[PDB]
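Hydrogens, waters and symmetry mates are skipped; everything else that's a heavy atom, side chains included, is used. The sequence lines fix the lettering, A, B, ..., with proteins before strands; numbering per chain opens at 1.
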Amino acid sequence: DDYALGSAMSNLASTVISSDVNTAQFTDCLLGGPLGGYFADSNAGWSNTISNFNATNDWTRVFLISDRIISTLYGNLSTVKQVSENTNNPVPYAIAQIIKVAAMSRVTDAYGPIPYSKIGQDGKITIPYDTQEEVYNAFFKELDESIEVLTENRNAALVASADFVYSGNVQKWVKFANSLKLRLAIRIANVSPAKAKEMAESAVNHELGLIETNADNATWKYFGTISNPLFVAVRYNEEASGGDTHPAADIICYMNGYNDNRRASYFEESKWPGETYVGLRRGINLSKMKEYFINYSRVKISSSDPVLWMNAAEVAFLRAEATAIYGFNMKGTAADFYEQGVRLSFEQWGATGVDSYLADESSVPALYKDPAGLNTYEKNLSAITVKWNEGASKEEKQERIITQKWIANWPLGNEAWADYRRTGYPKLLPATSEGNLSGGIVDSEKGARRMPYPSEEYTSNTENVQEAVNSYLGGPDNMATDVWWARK
Amino acid sequence: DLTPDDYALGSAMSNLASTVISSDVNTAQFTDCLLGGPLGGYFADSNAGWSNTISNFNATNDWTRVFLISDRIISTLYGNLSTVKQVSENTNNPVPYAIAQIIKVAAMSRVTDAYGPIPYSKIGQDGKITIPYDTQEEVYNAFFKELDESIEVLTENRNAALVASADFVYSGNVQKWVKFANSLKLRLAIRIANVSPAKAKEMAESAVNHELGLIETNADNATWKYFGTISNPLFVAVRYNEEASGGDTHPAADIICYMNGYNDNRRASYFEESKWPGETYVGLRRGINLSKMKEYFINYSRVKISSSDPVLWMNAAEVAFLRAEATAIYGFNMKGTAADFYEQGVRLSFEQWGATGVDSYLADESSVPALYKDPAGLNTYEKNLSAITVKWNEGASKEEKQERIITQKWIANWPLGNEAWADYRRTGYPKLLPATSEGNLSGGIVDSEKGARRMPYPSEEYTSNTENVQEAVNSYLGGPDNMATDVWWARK
Ligand SMILES: [Zn+2]
Ligand SMILES: [Zn+2]
Ligand SMILES: [Zn+2]
Ligand SMILES: [Zn+2]
Ligand SMILES: [Zn+2]
Ligand SMILES: [Zn+2]
């Protein structure tokens, strides 16, 4: 029962989704959530937001600049490394490296090229950037090292107090490492198919497997005495608006159309007459909605809830896409993996009626008729249905997999955003004409493709950030330019 | 445009399927109601008029010979294999024969598992067994070779299909057939894991490495969906003489004792309620004095079954439990963990039968199998059954882990008596009740605590194939031709 390792491990865990409310608000409530189609901003006082594409630097820089992310990560990695090397015990540092990848994947996925390999002990980013490809190559190398070490020490354990993800269970850490490896492999499957295949198939071939049961979901079980940060953030200003962040129209439209029994687990009911679940539209004129925010459905969440990093459902949907779209050898069939993912999701949230849900070949995502009468979407959403069809086209299979993966990944907005950019699925609603404050830079139908680099970097690391933009980014440093694995 | 081989194929494929568990009521009664069921701990005989049975260990030859002698099994199998082979070879389409060979292994594994050494490799086109026997080891080696051929061919042709009418197991879905072949390969690998560990490892690990995987979902369970117009044969057999006895076969005390003790929500799917006051589920004891029970059979719980039900060959739950044992007991590389596989098997089973409350069930570390207090007051078991509990314990001993896996696999394999019987003989689990003193009519040959270890060879073979069956007994069996001698994979 050591404070120093314990404190370090928790610090590392916090660099994924921070326990600091305002940091988590920025990374996941105001950025990930809306860009991934789960959340919608709901504070009339915000004249500049990420969702409206006119965000100021203090909103966009957080992943790359916040002390609670990179500086904290590398400072604490160094501590755990010392402990491992000075107690001749490689387990703690191997687990720390897995958390490193979980944290920094979100960072590169937000900006594209980033400092990574050249970040020294001190955690400073005043050094040359890596290409996003080099970053991903290092991720794979790092995960493989951790997997090898932990598998050699599969019967070892961390103390429970040093691990509120898995209570020091080394085998679950290996499963998460293989699972994360599969996520990142599929991430690069369009741009780097041979590498993706090798990493995807390697993950599934490992003797300890992936996250296959909800009992092994990667969630940070840190809260109860300390409040869940997402809880506090989305509940801010509750009395006036119902909350600073509401569930998005998109997710609720899909789930309403499918009569999805998971809705009761995701959302609180709206105050709009006749409509149990109503989401708030993203990329809208916020000032006009001041008086109406409070009527929409809200995020169902408790101050003691764990924070999700990755679930068993996603792993099934990854294997489904790996086989069906990319032709990788996943030791199974797409039809099985798709249904297993949906079943795992229903079970995760305690919803019943999955059989009828999986048999539904006629229900489609619902229209968005705005009960406030301000942001009604005049067109139809996708006609993609639930029931697996083996004879369907590749495009339909991919839309089917990603749509269900997306629903099942509530509320992992950053992951949903990455999948939306890689695949184009699910078919998210566009920003409105008034809500797109990009001055023409952002296409309302495509949304934000990345965050711009921090102004701090142009000031203090000028030559290096300019190299990244001129040599690695393949476009201007704005929200319209796609990242490497998303380039079409 | 339809040709003779289109028609020949449909009839042939259904014929082959019927050689696993027959659609003929009396054949199925013998193979699975009177033999498999009781010996596996699922079923119990319940006809006061039967003075000679397999469960009492004094069965006559007409009961014991059926697997090896019945025309509805071997003769039908090899006759129809020959037909499908011709179709494949003369239409340049290897899919039908590859599927047929999988069914062959499903059918004949039950036969060798019943007797030990059997005729196999030397059975010619005509389906006659008047030839030299194979050792059980040679039979299993051939099974693996045959499954591997089928898997290779079907995987090369994974997007091909049989017509639906030629396949009431999988409706011609080639990939499901591969999954069943890999699954059957894993079953047979684990079967031989005590006696042939190196071979078992190779076959088990090979099965799970295959690109199309195993049976993982209940939608892909191997069941023969042949009934509805034709009555399920198990339904008819267990319901025989219903008005007097409630049925010729009742659920066994063993299975109900375990499930009652665990408050198992699958009971409502397995059994009909008893007529005994205060006891919803009560099983009938196996290996008892039947004449004394004449007036009481009707009060026990019954097999819950319908005339249109498919007949089960293998389910997704078993595959999970096989992988659980492969990793935990035998140290094979199953690309996962025993804890996961055990829970997945139990979840698949609950889902298969529409039962809820699996989370609470899997969290139960205190409930134990119940005692057997016979409400008739004749065959009460005075001792305690095993104290094995449900909840997975990673720190438990190997022996406890194996008992835990096999016990849940066994419950989940209702009513695959022949498979349960094989697992009981290989592992000693679950801890089945012994025959009673009065119920053991073996004249001392069968140990009441161990039960029947095999069927004796047919008398027909001593008459018409004397030299060959004598060779099997003297050279291959390693013991006398009776119910006490263990088969090769069960030898300690
Ligand atoms: Zn470079
Ligand atoms: Zn399937
Ligand atoms: Zn034809
Ligand atoms: Zn005959
Ligand atoms: Zn699996
Ligand atoms: Zn697990």
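The side chain to side chain contact (heavy atoms under 4.5 Å, CB included) test with A:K331 is passed by exactly one of B:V208, B:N182, B:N209: B:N209.
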Using the side chain to side chain contact (heavy atoms under 4.5 Å, CB included) rule, take A:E207 and B:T327 through it: C-alpha gap first, then chi angles, then the decisive distance, then the call. CA-CA 10 Å; A:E207 62 183 288; B:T327 181; over 6 Å; no
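The part of B:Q175 that comes within reach of chain A is its side chain, from C-beta onward, which places non-hydrogen atoms under 4.5 angstrom from that chain. For A:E201, no part lies near chain B; criterion is any non-hydrogen pair under 4.5 Å. There is no contact between B:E394 and chain A, counting heavy-atom distances below 4.5 Å.
Between chain A and the options B:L212, B:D220, B:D359, heavy-atom pairs under 4.5 Å are most frequent for B:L212. Top candidate by heavy-atom pairs under 4.5 Å with chain B, chosen from A:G332, A:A215, A:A335, A:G209, is A:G332. Per-residue counts of heavy-atom pairs under 4.5 Å with chain B were compared for A:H206, A:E339, A:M330; the largest is that of A:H206.
Atom CZ of B:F341 and atom CD of A:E212 lie 6.5 Å apart (nearest 0.5 Å). Here the CZ atom belonging to B:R347 is positioned 13.0 Å from the CZ atom belonging to A:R343, to the nearest 0.5 angstrom.
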